[PDB]
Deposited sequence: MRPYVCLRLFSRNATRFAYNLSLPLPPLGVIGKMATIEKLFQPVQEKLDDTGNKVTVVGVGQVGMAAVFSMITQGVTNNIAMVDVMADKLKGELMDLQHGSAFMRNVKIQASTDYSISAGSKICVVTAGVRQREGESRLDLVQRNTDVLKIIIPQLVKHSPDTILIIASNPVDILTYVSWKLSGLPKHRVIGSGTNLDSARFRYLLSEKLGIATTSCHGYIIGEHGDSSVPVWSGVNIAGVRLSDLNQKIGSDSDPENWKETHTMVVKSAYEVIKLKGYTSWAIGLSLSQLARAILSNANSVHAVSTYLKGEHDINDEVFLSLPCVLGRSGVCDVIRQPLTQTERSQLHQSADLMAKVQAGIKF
């Protein structure tokens, strides 16, 4: 009832699996990738570590039949952009990988929920949704969940107040164009303009600026997205109805008419997206969302399915 499949045993996929099994998110994991020896090595390494825990089942194979009956499939596979490759060509090369992966996941787990983590995550969540044939509420992307959490942490740190009392989200397109919803940020219910306790825009820039600096320094990110994926899996498996900013089907919210995926705070539970939190955005916040959706729709129109 709690089986999770992770596709891709690179840095992100292995950090996701390891976060999930050690944080007790699930005790039933499958890993799929194309490199048989690497897959078996990671499988055996984790099973040797399972020694420290109780009842953890791990499987791994190049054969997607190993994923059968998964409640969630987490997709981390993709390609890195080549120098001088266009944005559309990079999306298409990832799409061609997902053409192979996505229908196989659904064939073996027709009731699954998909969580897409491959970059660029918003358009590849749309692509995976289209390829899946699944309902819109059963396909999400890791989106801005990690950035929103780090945002709240940094606000909490500046204020000397626990993160559990500092509330707010980053929405929209993952990365530099994402939208800090300052109009909803509040500390114990007090909006920032109202704070009388014992500029801020840099905090958003910092969060999206640190994320790209990691890749330049160590070549990739792994731990933070791994923890974010583990949190999203827990919310779904435990039927938490907790709220997470994740890439989600956007058309029909915020006057957006383009069929795209961008991050919004979503109520997540066993059926997937139960509802989206409808934030009263300012016109400035809304216009940025619309601009991201328009540009993303234009790239999507060029994808060859």
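Colleague: Numbered from 1 along the deposited sequence, what ranges are absent from the coordinates?
Modeller: Going by the record, the segments left unmodelled (no C-alpha atoms) fall at 1 to 51, 250 to 257.
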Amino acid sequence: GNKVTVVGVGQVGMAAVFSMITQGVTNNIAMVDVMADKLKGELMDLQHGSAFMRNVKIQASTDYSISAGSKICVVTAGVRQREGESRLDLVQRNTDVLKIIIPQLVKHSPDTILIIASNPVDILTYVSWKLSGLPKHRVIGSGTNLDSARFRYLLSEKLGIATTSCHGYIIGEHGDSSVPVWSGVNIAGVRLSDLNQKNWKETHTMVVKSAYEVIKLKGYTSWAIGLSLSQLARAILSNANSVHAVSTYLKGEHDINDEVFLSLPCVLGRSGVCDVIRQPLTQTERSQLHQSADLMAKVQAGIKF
From here on, numbers count along this sequence of modelled residues.
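Colleague: Can you let me know which of the two, 112 to 120 or 86 to 94, has the higher average C-alpha B-factor in the entry?
Modeller: Mean B over CA atoms: larger for 86 to 94.
Colleague: Given the B-factors recorded for C-alpha atoms, which segment has the greater mean, 150 to 158 or 206 to 214?
Modeller: Taking the mean B-factor of the alpha carbons in each, 206 to 214 is higher.
Colleague: Going by the deposited entry, which of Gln104, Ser228, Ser193, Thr163 has the highest CA temperature factor?
Modeller: Spelled out: the listed residue with the top C-alpha B-factor is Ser193.
Colleague: Which third of the chain holds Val79 when residues are ordered by C-alpha B factor: lowest, middle or highest?
Modeller: Its C-alpha B-factor belongs to the highest third of this chain's values.
Colleague: For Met296, does the deposited CA B-factor place it in the lowest, middle or highest third of the chain?
Modeller: CA B-factor rank for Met296: middle third.
Colleague: Lowest, middle or highest third of the chain for the C-alpha temperature factor of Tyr169?
Modeller: Its C-alpha B-factor, which the entry lists for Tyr169, ranks in the lowest third among residues of this chain.
Colleague: Divide the modelled residues of the chain into thirds by Cα B-factor and specify which third, lowest, middle or highest, holds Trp182.
Modeller: Middle third - that is where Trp182 ends up once the chain's C-alpha B-factors are sorted.
Colleague: Using the B-factor values recorded in the entry, state whether the Cα atom of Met44 falls in the lowest, middle or highest third among the modelled residues of its chain.
Modeller: Middle third by C-alpha B-factor.
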